[PDB]
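Going by PDB author numbering, the first sequence opens with residue 5, and the numbers climb by one from there.
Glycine residues also receive a C-beta, built at the ideal position from the N, C-alpha and C atoms.
Below is one structure, written out as structure tokens; the observations come after it.
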Amino acid sequence: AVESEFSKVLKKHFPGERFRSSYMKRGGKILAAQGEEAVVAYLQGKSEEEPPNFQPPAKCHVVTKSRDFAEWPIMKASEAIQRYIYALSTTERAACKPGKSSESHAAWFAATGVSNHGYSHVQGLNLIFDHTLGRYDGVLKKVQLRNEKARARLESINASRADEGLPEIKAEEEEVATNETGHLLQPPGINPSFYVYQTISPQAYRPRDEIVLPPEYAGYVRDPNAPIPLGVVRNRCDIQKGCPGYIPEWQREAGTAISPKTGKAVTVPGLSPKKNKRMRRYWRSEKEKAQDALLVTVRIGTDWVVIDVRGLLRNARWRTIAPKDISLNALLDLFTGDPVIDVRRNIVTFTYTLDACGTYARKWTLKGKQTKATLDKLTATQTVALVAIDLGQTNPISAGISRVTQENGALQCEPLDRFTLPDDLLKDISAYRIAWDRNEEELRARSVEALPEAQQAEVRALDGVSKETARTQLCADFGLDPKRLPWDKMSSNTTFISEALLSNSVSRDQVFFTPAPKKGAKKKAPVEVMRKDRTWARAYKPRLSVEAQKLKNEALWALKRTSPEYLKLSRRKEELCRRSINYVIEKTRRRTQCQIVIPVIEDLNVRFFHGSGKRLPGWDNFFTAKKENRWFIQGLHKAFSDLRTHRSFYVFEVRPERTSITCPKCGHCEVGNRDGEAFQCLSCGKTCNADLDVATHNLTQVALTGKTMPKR
RNA sequence: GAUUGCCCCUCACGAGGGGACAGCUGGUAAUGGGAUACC
DNA sequence: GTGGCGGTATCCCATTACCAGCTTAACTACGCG
DNA sequence: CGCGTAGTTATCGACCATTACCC
Ligand SMILES: [Mg+2]
Ligand SMILES: [Mg+2]
Ligand SMILES: [Zn+2]
Numbered sequence: 005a006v007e008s009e010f011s012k013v014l015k016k017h018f019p020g021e022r023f024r025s026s027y028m029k030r031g032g033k034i035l036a037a038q039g040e041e042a043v044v045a046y047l048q049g050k051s052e053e054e055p056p057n058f059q060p061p062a063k064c065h066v067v068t069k070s071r072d073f074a075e076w077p078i079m080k081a082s083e084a085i086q087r088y089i090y091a092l093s094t095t096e097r098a099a100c101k102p103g104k105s106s107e108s109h110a111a112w113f114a115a116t117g118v119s120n121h122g123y124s125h126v127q128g129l130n131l132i133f134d135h136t137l138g139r140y141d142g143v144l145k146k147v148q149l150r151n152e153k154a155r156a157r158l159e160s161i162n163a164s165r166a167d168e169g170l171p172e173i174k175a176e177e178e179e180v181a182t183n184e185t186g187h188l189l190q191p192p193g194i195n196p197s198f199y200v201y202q203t204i205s206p207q208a209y210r211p212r213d214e215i216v217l218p219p220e221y222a223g224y225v226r227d228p229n230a231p232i233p234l235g236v237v238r239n240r241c242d243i244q245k246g247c248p249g250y251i252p253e254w255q256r257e258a259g260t261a262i263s264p265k266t267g268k269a270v271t272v273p274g275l276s277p278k279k280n281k282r283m284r285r286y287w288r289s290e291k292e293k294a295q296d297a298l299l300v301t302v303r304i305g306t307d308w309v310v311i312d313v314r315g316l317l318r319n320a321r322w323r324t325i326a327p328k329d330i331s332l333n334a335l336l337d338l339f340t341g342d343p344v345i346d347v348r349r350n351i352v353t354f355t356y357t358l359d360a361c362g363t364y365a366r367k368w369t370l371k372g373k374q375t376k377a378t379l380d381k382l383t384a385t386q387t388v389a390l391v392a393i394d395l396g397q398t399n400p401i402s403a404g405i406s407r408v409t410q411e412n413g414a415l416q417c418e419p420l421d422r423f424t425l426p427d428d429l430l431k432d433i434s435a436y437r438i439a440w441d442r443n444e445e446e447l448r449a450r451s452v453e454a455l456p457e458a459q460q461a462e463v464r465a466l467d468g469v470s471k472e473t474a475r476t477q478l479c480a481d482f483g484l485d486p487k488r489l490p491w492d493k494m495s496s497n498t499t500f501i502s503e504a505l506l507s508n509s510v511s512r513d514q515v516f517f518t519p520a521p522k523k524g525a526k527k528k529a530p531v532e533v534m535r536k537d538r539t540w541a542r543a544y545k546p547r548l549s550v551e552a553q554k555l556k557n558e559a560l561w562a563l564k565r566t567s568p569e570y571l572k573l574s575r576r577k578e579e580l581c582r583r584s585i586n587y588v589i590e591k592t593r594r595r596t597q598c599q600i601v602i603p604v605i606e607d608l609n610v611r612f613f614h615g616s617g618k619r620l621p622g623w624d625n626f627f628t629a630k631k632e633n634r635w636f637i638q639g640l641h642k643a644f645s646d647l648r649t650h651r652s653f654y655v656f657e658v659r660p661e662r663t664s665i666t667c668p669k670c671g672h673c674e675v676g677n678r679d680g681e682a683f684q685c686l687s688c689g690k691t692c693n694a695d696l697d698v699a700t701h702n703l704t705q706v707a708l709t710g711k712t713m714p715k716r
């Protein structure tokens, strides 16, 4: 880090009037050009307390290219530069200055021997050069901050510990980012991003002969300064029989009816009575669809690319920052002129300008004593809603809305409403877990179809009688009568088989064993636990031939790697976690009738909130796969922390030490009050839903005050 | 009442209803599932 | 800063978490029509 | 002379807090 001259003049005149980037860039030029005295007159008027420093992304689709990416001089030049910089040492990088001018660019390209495959744009190269130099220095800073963070952690532990006891670790070994020879161990990989820049920025398609479009875009005309018409008609009940987009009679009116072929009672909600509904357009053929696109081009040389900007139009008509009449050029001016083309997916990611859209993004969620002090400011003027969130698996989210107001030197926190998210979102959570299991079973059932006809028959036969074979084999080997022993009440930790075994009392050798102590933090004398029925069931299932198993599982791996479903589900769970924090926020906002909602979530370390899958106890279900039951705690924890930056929300991370335990009424925190989802204090006998009422009541009370919950 | 795409559901396959919209890379690390092996 | 899955060692696959990198543009200049 | 292509040259700043919490 090196001080700048510009920083001095601002710090000397504007201590606390930080400005956003666009004014900073323009302001720097004026100072350097028109002297130091002329920058104040530009920077005195316009400034903001919290300047928007975040731009949402918008994604569109590539239509056609001149040739495949990575066949372009910029893409080859970027790769050649990148893999040269990542294999430099620390000392060599210090004497590697690729300066920002055209003259120095060539001096660099010659002094090192790296080639540029016919591409030299000073700005475009400068973008690549800084980003590559940035990544190389980033992996070196990253260790240093982590090294600093451990040192800071050690620093606290010694001073605090050294007064209560003697033991204190003196120090620890420095973690380096370098090899013995100076090189970079685990150096960054190249990035395949076509970073578009100003001299190349997208602009509305006009027909040039080098650019040739697929046969569907036969005549593409679009006056870039005309207002783009609206696709759908205003009343979709005029569309006739033939034309596309025809809503049939039975589907307009709400009600229930039976289809003519089979007959099922299906509720039809009818046309949506909504005013911000996205409109879906339908063309007769794929040629009409193309002529109603928004094509803009990006030319860098003898190789171009055409992209379809309907994606940006939807993303702008959803945020309602685009008038109903708008031109193609106006749409492009709503976004920055530097897209990021994704070459391996043919997707271009625009972002909004700070003027068109853009919000402040708080870097961190406030914790500790910042919670009280933040409410001290925000309640000085208006009242702020306070939703307290407590995650679980019986009830995914439990929320309590309060209404903090301020009287002199206190924050009256009115409790308003405790609720949980509705059954529809619970139904989708259940349906998401069923879809995952269905996906897994289909992949398994299609890996069987990848076997040759001989091994296929073996697998089909064995799986059908797998449970029957194990049952009969176990009984015959140890003589146990199947009927005397209950089967359906078999779990992962029951010991029914052994007790029937021990009732015969053949020997004690075969059952008891000496569990090897698990490598871990905790070591004791090793327990002698008797082996369970799940272990017996596993060890007696009929194993499949090694060769067929190698072939069968290799087929599954191939199907699994190239399966579109896991992306489908991973987005599905994320959007279902986000949908469940929007209900929460919108419900509290329509109830508290306040603009500003600051949700309060527990400071749970998501690494240990993952959960597990589930098998129903039983003998039949030892040989089936585990139904997936992973927790949404990580999803919903991240979704609230994302409200912090995506929508500039305040977020409160507060330690949930005794929140689920400490009785609301009294300060007595014994661990035995909680029993699951039935709380009961053991001094002032009281019954509340541990999740809904005591956990949220206590979370809010540790929010209004920085102090952590009292202990004894 | 917003032209593509993406996610979920219904469908008389004409379509209808609802949902997400901060995303890319890269290096590491966990987590869950599946298979074998062994005390 | 993991719990009631009996422990460990190989792999295989998926998705996350965590922390690095990113996600302009006005003004000016010069070779062609 | 005007317009498509393109080089120069401008800014990058911070946080709390430690024996439970969900199965
Ligand atoms: Mg809790
Ligand atoms: Mg709870
Ligand atoms: Zn009590």
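Check this for me: beta carbons of residue i and residue j, under 8 Å apart or not?
| i | j | result |
| --- | --- | --- |
| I433 | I304 | no |
| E661 | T369 | no |
| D695 | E681 | yes |
| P61 | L358 | no |
| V313 | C64 | yes |
| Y209 | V310 | yes |
| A403 | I393 | yes |
| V391 | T592 | yes |
| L332 | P228 | yes |
| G274 | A258 | yes |
Does ligand 1 have a heavy atom nearer than 7 Å to the CB of residue i?
| i | result |
| --- | --- |
| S549 | no |
With a threshold of 7 Å, establish whether the CB of residue i neighbours any heavy atom of ligand 2.
| i | result |
| --- | --- |
| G396 | yes |
| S509 | no |
| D695 | yes |
| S402 | yes |
Could you check the C-alpha separation between residue i and residue j for me, to the nearest Å?
| i | j | result |
| --- | --- | --- |
| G31 | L47 | 7 Å |
| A114 | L316 | 42 Å |
| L640 | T691 | 28 Å |
| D428 | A181 | 50 Å |
| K69 | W308 | 6 Å |
| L234 | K328 | 8 Å |
| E172 | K146 | 27 Å |
| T700 | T363 | 30 Å |
| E411 | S51 | 32 Å |
| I345 | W254 | 44 Å |
| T398 | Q638 | 15 Å |
| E462 | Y544 | 18 Å |
| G676 | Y436 | 35 Å |
| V300 | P196 | 22 Å |
| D537 | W440 | 28 Å |
| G341 | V200 | 8 Å |
| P77 | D134 | 18 Å |
| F626 | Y250 | 52 Å |
| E532 | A504 | 19 Å |
Taking 7 Å as the cut-off, does the CB of residue i come closer than this to any heavy atom belonging to ligand 5?
| i | result |
| --- | --- |
| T203 | The model on display carries ligand 1, ligand 2 and ligand 3 but not ligand 5. |
Give me every residue whose Cβ sits closer than 5 Å to any heavy atom of ligand 1, in chain order. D394, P660, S664 and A699
Under 7 Å, CB to any heavy atom of ligand 3. Which residues pass, going along the chain? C667, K669, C670, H672, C685, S687, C688 and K690
Minimum length 4: unbroken alpha helix (DSSP H) runs contained in the stretch 487-544: 500-508 and 537-544
Ignoring anything shorter than 4 residues, give me the alpha helix (DSSP H) runs that lie fully in the stretch 253-289, in order along the chain. 253-256
Uninterrupted alpha helix (DSSP H) stretches inside the stretch 386-463 (no shorter than 4 residues): 427-452
Runs of alpha helix (DSSP H) wholly within the stretch 661-713 (minimum 4 residues, chain order): 700-707
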